[PDB]
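Before any questions on how it binds or moves, here is one chain, the form deposited in one PDB entry, in C-alpha cells.
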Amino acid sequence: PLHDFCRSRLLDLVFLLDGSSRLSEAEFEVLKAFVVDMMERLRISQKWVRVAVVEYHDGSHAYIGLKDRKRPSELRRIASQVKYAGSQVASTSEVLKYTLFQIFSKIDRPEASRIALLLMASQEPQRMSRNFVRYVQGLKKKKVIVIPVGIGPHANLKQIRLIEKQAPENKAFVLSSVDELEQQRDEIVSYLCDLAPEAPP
C-alpha cells in the first residue's frame, strides 16, 4: 500500500523527460512508468504538491502544467500516455529555457519549494548549448532546484556537472539504465521531499 512521501510538504515538482532516440520506445515507457510511480507517492493538489510534465526533443511539449486543476488520477493517466518522440536530439537547453521563462516566469507560490527533475539520456548538439549556463543560473536565482538524472552512457555528463557544481542541493543521480529507476525511486523521492518545506502547525 502506497504512502505519501511528501506528507505536509509544499512543493512544485517539474518532470523533464528526454525525448530522444537514445531511449528505445520500451525504455521511454520505463521512464514514464517511473514518473507515474513518483506521482503515486505524492499528494497532488494546489495546496500541497503541484506537478508538471514536459517531454523535450528539439522543442518541448508540456503535457501537464502546475496550475492544471485536474484530478491526480487524470494527471497520472496523462503522464503514462505521453507520446514517444524518438527524436535525433533532446535539447536540455531548450527545455530549461521553457522551464525558466514559462513554467516559472511568475513565482505565484513562494511558500513552496520548486524542483526540476531533469531526466537525461542524451547530449544535444553543441550549437544548442550556447545559453545553457544562463538558463541554469536563471533557475537558481528563482530558487528552482535543478536535479539532473543521468540515464545511460549517452547522458550529457558536462551539463550534469555544470548543474551539480552550483549548490549541494543540485545533487545529480547517475543511472546505467532506465531499468534502475525503480530501484532508486524511493531514494530519489525522499531526497526531493527533504528539500521541501513543511506546513506550519
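For every residue, the number given is its place in the sequence shown, counted from 1.
The discussion below concerns the form solved in complex with a partner chain, not included here.
S.K.: Given that the partner is absent here, does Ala33 sit within 4.5 Å of the partner chain in the entry with it bound, heavy atoms only?
M.R.: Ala33 lies outside the contact set for the partner chain.
S.K.: If we define contact as a non-hydrogen atom of the residue within 4.5 angstroms of the partner, is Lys143 a contact of the partner chain in the entry with it bound?
M.R.: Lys143 lies outside the contact set for the partner chain.
S.K.: Is it the case that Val133, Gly138 and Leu162 all touch the partner chain in the entry with it bound, with a non-hydrogen atom of each within 4.5 angstroms?
M.R.: Result yes, every residue of the spot touches the partner chain.
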